[PDB]
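Lettering follows sequence order; numbering is per chain, from 1. All values below come from the heavy atoms of this structure, side chains included, with hydrogens, waters and symmetry mates left out.
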There are 2 protein chains.
Amino acid sequence: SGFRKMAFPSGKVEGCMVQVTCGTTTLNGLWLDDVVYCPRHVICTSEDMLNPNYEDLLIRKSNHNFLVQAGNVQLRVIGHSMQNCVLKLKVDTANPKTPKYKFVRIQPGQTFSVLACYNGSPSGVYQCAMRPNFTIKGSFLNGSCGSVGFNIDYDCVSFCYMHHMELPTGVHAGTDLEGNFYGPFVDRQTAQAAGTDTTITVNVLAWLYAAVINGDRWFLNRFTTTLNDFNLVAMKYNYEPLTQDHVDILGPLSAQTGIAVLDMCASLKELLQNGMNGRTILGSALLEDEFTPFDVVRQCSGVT
Amino acid sequence: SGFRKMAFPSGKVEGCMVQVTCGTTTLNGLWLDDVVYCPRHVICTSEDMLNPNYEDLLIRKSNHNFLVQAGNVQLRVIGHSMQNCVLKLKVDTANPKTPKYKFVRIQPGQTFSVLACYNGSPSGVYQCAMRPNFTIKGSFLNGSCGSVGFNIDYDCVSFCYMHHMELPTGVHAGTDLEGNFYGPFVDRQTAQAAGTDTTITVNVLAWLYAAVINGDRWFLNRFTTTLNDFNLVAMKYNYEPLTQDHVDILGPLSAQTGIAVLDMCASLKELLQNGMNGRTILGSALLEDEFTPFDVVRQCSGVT
Ligand SMILES: *CC(=O)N1C[C@@H]2C[C@H]1CN2Cc1cccc(Cl)c1
Ligand SMILES: *CC(=O)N1C[C@@H]2C[C@H]1CN2Cc1cccc(Cl)c1
């Protein structure tokens with residue numbers, strides 16, 4: 001028992017982190033097979049970042065301008081290309097530590113682990129969620145760009161995020177591994193505002209089920225509700241609307257605890273209306289939304 | 001910017017996890033050099049756990065009774081010994097993935113990462129703190145015993161904890177890598193109560209400095225206090241007493257922010273007396289105590 005914000009073991013991703021330098025800019029790259037993926041803004045100077053024309057900037061760059069270092073050894077660059085907001089640097093050596101992998105574009109509400117890196121070296125691992133406004137609330141300093149978000153299913157790593165920037169509000173924006181930004185963000189040093197950061201309702205419900213499984217049951221009430229009644233309350237508290245797709249995904253948790261999804265929705269409704277009254281749930285004084293129903297099942301079952 | 005509960009990259013420890021089976025009991029082992037370390041209760045049956053005599057139980061066990069598997073391959077056991085509450089199984093092969101390592105017995109208040117494992121396979125990584133009552137609030141299911149807690153300084157892994165049991169209250173107890181339990185706990189299926197779980201004051205202060213660095217400054221007040229005045233308040237709220245040793249360790253954080261340690265203590269005092277008033281600090285509605293002053297500096301500086 002016990003419930004923690006748990007990240008995937010990061011070893012398989014640590015073996016893929018490299019340092020990429022172009023000119024005076026150094027960031028992180030992801031080395032999978034004979035390709036190194038990194039943010040295309042590695043070709044920019046601070047001057048270029050204000051209004052970059054990446055195609056024009058890339059013309060002045062040759063393979064030898066991209067310095068790729070894995071550990072203390074230099075990789076030879078034999079090709080380069082821009083795919084959306086990422087650069088793909090073809091190297092002459094396949095990464096011997098390449099795990100089984102996939103590139104996935106996640107939906108908002110989905111969680112993943114981030115291996116924060118600096119100079120191609122890992123510094124820490126933490127669990128994130130892609131917010132409904134397509135930002136992530138990470139912990140990234142200068143030099144962290146190119147750090148990646150991922151999920152692991154047994155031996156396969158699904159890379160879902162690559163860090164590119166910090167908005168002026170301190171929240172983070174990035175792309176999938178095909179270089180497409182999550183959200184409307186662009187890789188430019190221009191003020192870009194994030195939309196409403198709503199709460200991931202299905203995740204809060206999953207975490208309430210996790211709390212029941214672990215013994216924290218004080219919040220359970222004698223009430224039920226309907227999807228339409230619950231959503232009227234959810235809209236008011238800037239919670240994402242709950243759909244029957246979300247109810248379906250909470251089914252195994254509902255079955256394990258014997259608490260119907262709509263009864264858990266009614267407990268959530270009263271928690272929103274009355275607050276916690278100075279109480280905690282799983283050692284938290286607020287409703288946690290960065291655990292999916294899959295995360296709860298995984299942690300409560302011990303999937304390795 | 002941004003502040004997260006961050007764990008160390010777990011790769012160096014993942015390469016050390018093995019599965020140990022003795023009879024019908026399977027748990028995790030830590031393979032460093034030619035020795036596999038695991039909880040001695042691997043020799044117990046559920047019947048034995050009630051009142052085990054480990055010396056007597058160990059007499060009926062030979063090297064061939066300890067099955068050690070690393071990945072899909074079996075390690076040959078050429079010696080065994082009990083050191084306090086851990087068994088050391090000498091194998092004929094040195095672990096090729098043995099990182100540079102040390103065994104450290106941590107003090108309460110110190111944080112570490114746990115690589116939760118099942119059947120010698122890693123399932124997740126999270127950040128913990130050794131509570132002042134010598135328990136940890138982990139996430140451990142049956143089969144997780146033998147999972148270890150650690151810290152990493154550049155390339156050296158300092159193993160500080162090995163998981164042994166869950167108290168009837170759902171909190172966790174274990175040993176250092178020499179087999180000595182943290183706290184008064186014994187490896188026996190008997191009700192053992194934990195003492196008062198006080199708050200790690202120096203850690204809360206460190207996290208308040210982290211909050212100031214990251215822009216959350218609403219809690220800062222126009223007040224100061226003394227160590228004796230603060231401790232009168234800390235004693236009342238079951239917070240650990242703050243010493244000049246703790247003030248000394250907060251010095252770099254005090255210097256970076258320009259906020260004297262005693263002024264931060266006065267902000268903490270008002271937070272304890274008035275509560276958060278429905279507000280948050282670093283996305284938390286309670287005062288976080290599982291970040292040491294070293295963790296805050298490390299994360300706010302990007303140590304890899
Ligand atoms: C995170 C990282 O490594 N970098 C590279 C430079 C400094 C920091 C951010 N990068 C500049 C930048 C500004 C605005 C937008 C984007 Cl995409 C990048
Ligand atoms: C965590 C783990 O792998 N185990 C082994 C068995 C089941 C679970 C706990 N172990 C029994 C036990 C009961 C009381 C105290 C201790 Cl030290 C162990």
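Atom CZ of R279(B) is surrounded by more than 12 heavy atoms from other residues, nucleotides or ligands within 6.0 Å.
Here the side chains of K5(A) and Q127(B) are not in contact, with every heavy-atom distance at 4.5 Å or above. The closest side-chain heavy-atom distance from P9(A) to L115(B) is below 4.5 Å.
Most heavy-atom pairs under 4.5 Å with chain A: of the set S301(B), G2(B), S123(B), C300(B), this distinction falls to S123(B). Most heavy-atom pairs under 4.5 Å with chain A, from the set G170(B), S139(B), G11(B), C117(B): that is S139(B). Taking chain B as the reference chain and counting heavy-atom pairs below 4.5 Å, the highest number among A7(A), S113(A), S121(A), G143(A) is found for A7(A).
Contacts between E14(B) and chain A at a heavy-atom distance below 4.5 Å involve the side chain alone, from C-beta outward. In this structure, the portions of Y118(A) lying under 4.5 Å from any heavy atom of chain B include both its backbone and its side chain.
Contacts of residues 280-297 of chain B with chain A at a heavy-atom distance below 4.5 Å involve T280(B), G283(B), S284(B), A285(B), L286(B), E290(B), listed in sequence order. Taking 4.5 Å as the heavy-atom cut-off, the residues of residues 147-169 of chain A that approach chain B are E166(A), ordered by number.
The CZ atom of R4(A) lies 4.5 Å from the SG atom of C128(B); values are rounded to the nearest 0.5 Å.
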